[PDB]
Structures are given as C-alpha cells and as structure tokens.
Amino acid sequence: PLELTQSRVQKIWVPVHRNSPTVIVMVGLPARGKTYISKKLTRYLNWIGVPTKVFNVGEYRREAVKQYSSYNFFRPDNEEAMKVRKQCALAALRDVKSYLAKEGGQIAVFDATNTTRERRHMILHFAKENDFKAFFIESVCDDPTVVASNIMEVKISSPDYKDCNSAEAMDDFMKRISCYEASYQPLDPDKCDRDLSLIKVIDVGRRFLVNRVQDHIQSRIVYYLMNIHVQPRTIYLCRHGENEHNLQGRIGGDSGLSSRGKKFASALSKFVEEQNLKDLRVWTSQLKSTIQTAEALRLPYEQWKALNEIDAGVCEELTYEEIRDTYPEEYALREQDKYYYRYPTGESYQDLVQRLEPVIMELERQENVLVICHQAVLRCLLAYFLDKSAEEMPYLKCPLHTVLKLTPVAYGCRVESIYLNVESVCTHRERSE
C-alpha cells in the first residue's frame, strides 16, 4: 500500500523509503529462407522492444573449421564433420542459455536446418531443463525456381563460396541440399508433434499450419508471418515540406508549408512521376504540412493519426531555447536519455514505436508506398527497416526535402538518399555532451 513519486525521465509513478524466455527453432532444408526469416523476425521483435538475437549454427561451424571446400563436409557418412556439426550446435545452445538466462534476452532464434526428430528432441530437452519455451518455425518449399533464386541471391556470395564461381557454387549447393534429404523428418503436428508449439509455412507464405500457440509473443509472430511477403517493391519515406514552425525553430504544432515547402511538394510530385511506379500508395499524417505535401502529387492518399509527430506535451509550440529556459531539467533529461524520455503530458520515442506498429504491419502487406511524415516518426520507421537500436533511433538523420528510398535486397534493405534540390532549414540536432 505505497506512496508515489513520478520518475524524472519516463514520467512513471512508482511507489517509494527503505514470462519464460522462448527459443525459436527454425526447421527446414537449406535455402528455404530460414536465415532470411530469422533476421527479419529479429529486426521486428527488437524494434517493438522484445530483446531478440539470432544464433546461426552455420557461423559457429565456419569459425570452428577451416575454409569450406565442398559439400562433402555435409555428407551424412562424414563421421568427423557430423561430430563437429553437433558440437557447434551444442556451443550455440550454450550461448542461447547465457543470452536468455543471464543477459536479458527474451527470444533466441536457433537458426539451423534442425531437420531430424532427434536434433529437435535434444533442443526440446535443453529448453525444458532451462525452463525456456520452445516454438518451431518450419519452411517447406519444393519449387526449384524459388530455391535457385535463394541460392543466387544469398548463398553464392557467402564466405563459404569465396573461391568458387557462380556455376560451381550453385552446383555445390544443390548437392549440399541433397545431403539432407534422406534424413529430413518434417514437423508432424497431426501425430508425432501434436504437442509442440509450431508454425509450418508452405510455399513461401501460401499456407500455414499452426499448432498450440502458448503466449502472446507467439501469436504476434504468427500474425507478422501472415502479413509479410517477398514480392519486389519500393518504400519511400520523407517528411512534409518545410513548414512555418520549422522556419521559427518551433517544435510540434500544426503549421502549414512555407514557400520553400511548397516548392518541395512540386519537386516531389516530379520525382514520383519519374519513378514511374505501379499502384503507388501514399500515406500522410493528419497534420496539415504532410497533407499539403501530398496534395501536390495528384494521387489518392490516406491519412493516419498514427503518423502524427511525437507529442511534446507542454512543450508543444516552443523553440528548443524556450524549452531550455523554461524547463531546464526536462531539456537536460531528454539529452541524456532521448529514446525513453517522455515529455510532460506527452510522448517518448518508445511511445512512438507502439503507435507505429500498425503502420509497420500494413507497410509489410503493401507493395509500393510513399510515407510523408515527420522527423521523429520517420526516424522510428527507418530504425525498423535498417535495424537500428533504440539508442541510435532518436539521432538518425532524416533531412527535409530528401526522399529516403528503401529497396529489399538479400537479407535486408538498401537505402538511397535523394535530395530534391530545395533549400530548407536544418532541424537535425546531434547527440551532445
């Protein structure tokens, strides 16, 4: 029954006067997108604030053993290589234990083939004895075009194949896959795996079998998988054209575009038209400056309250100088912990991420999209796509009148900056000390 004090940074009332971690087990033949999924899921989970880390058994093998030479290493009759592979799995599990039990981790993604019941049974046993949950994700695909595309995009360029050309790396990889085919026992949720928590994904997200979801992190993972796709597309992110508050160095508010902001809007329209995209969706916030920017495009657009700039609470409409003079401790606390700091009666970047989550989910479902938003919001989105930490997120550089063009490549995202040659003030503030 305790008396309360409001914490300085997060503004949380706390009393004063003195969920088991999960191992996600990937399952499947090589080149079925296990690593692609492990990495993308981990980016999502970390961004929403669930500390996650991938333990790729392949990387342990590459460190334990000299340069790769061929698929013979993966022969099931290779007694020695089988021992090494098993010890690499056990070493990766030691690190999973340490991460989840001792380093604050919440989710460990065990990224390997794990194609045998025996291997999976051993992982289960490891989980139950450390009191970890286990959740299996299996990717099944028998389409040779898909497999070949995966091999060309991320396998032949890997360090294993440094001394091979393309044709021979591809030949080797195909034989390598064949090494796993005889002993591959797929997840069997009807019968033998009836009691496991799992998702089996068939044909690149065409069909799912989902068995026994045990907690909210798991249903959300499932929802995420049911919304992502691997079709090629482009995401453009930018801010509103310069506005009248920007000219005054004032934060928040709902001002309109300055004369230069309107020139940017016309320049954006020209840029978009020259990209020559199919079915470009345009999203804005509900604040005037983004909507006036979209109005220059002559494309249909949709407004989202969730894309509204961070709410600076009682500091809305003020300059950073007025904040420093009127609220000196608040100004200092934010410079010290810019991600977690909440403005009084307002928001933190942490809050932003919670309200942007539905934006991210819908972005995953779409194809070509242009998002016209605001500085702190744009940083949050960009952090997601580029896998930037919470500590880095509030300092990412997203200038006015510059389009950030994002294109999926390999296991991530390429970003290209395109400045549309219209002057503006600069609203970027570096980390100080």
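Rigid core here is just the name for the largest C-alpha set that superposes within 1.5 Å across the two forms. We number the residues from 1 along the sequence you see.
Novice: Would you mind working out which of 66-74 and 368-376 sits farther from this form in 9 other deposited structures of this protein by RMS C-alpha distance, with the rigid core as the fit?
Specialist: Between 368-376 and 66-74, the one lying farther away in 9 other deposited structures of this protein is 66-74.
Novice: Unmodelled stretch from the deposited sequence between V16 and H17, which bin: none, 1 to 3, 4 to 9, 10 or more?
Specialist: Unmodelled stretch: 1 to 3 residues, a short break.
Novice: Quick one: classify how much of the deposited chain lacks coordinates between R18 and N19, choosing none, 1 to 3, 4 to 9, or 10 or more.
Specialist: In the deposited sequence, 10 or more residues between these two have no coordinates.
Novice: Could you check which stretch, 28-36 or 57-65, carries the larger mean CA temperature factor in the entry?
Specialist: Looking at the record's C-alpha B-factors, the answer is 57-65.
Novice: Would you determine, from the values in the PDB entry, which of 78-86 and 351-359 has the greater average C-alpha temperature factor?
Specialist: So the stretch with the higher mean C-alpha B-factor is 78-86.
Novice: Considering only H229, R119, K305, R207, which residue's Cα atom bears the greatest B-factor as recorded?
Specialist: Max CA B-factor in the entry, restricted to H229, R119, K305, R207: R119.
Novice: When you compare the CA B-factors of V409, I418, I12, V425 as listed in the entry, which one comes out on top?
Specialist: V409 has the highest C-alpha B-factor of those listed.
Novice: Lowest, middle or highest third: where is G346 by Cα B-factor in its chain?
Specialist: Ranked within chain, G346 CA B lands in the lowest tercile.
Novice: Thinking about Cα B factors across the chain, which third does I177 belong to?
Specialist: For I177, the deposited C-alpha B-factor lands in the middle third.
Novice: Consider only the C-alpha atoms of the modelled residues in this chain, order them by B-factor as the entry records it, and name the third containing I221: lowest, middle or highest.
Specialist: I221: CA B-factor falls in the middle third of its chain.
Novice: Using the temperature factors of the C-alpha atoms in this entry, rank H125 within its chain: lowest, middle or highest third.
Specialist: Its C-alpha B-factor, which the entry lists for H125, ranks in the highest third among residues of this chain.
Novice: What third of the chain, by the recorded C-alpha B-factor, contains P300?
Specialist: Within its chain, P300 is a middle-third residue by C-alpha B-factor, going by the deposited values.
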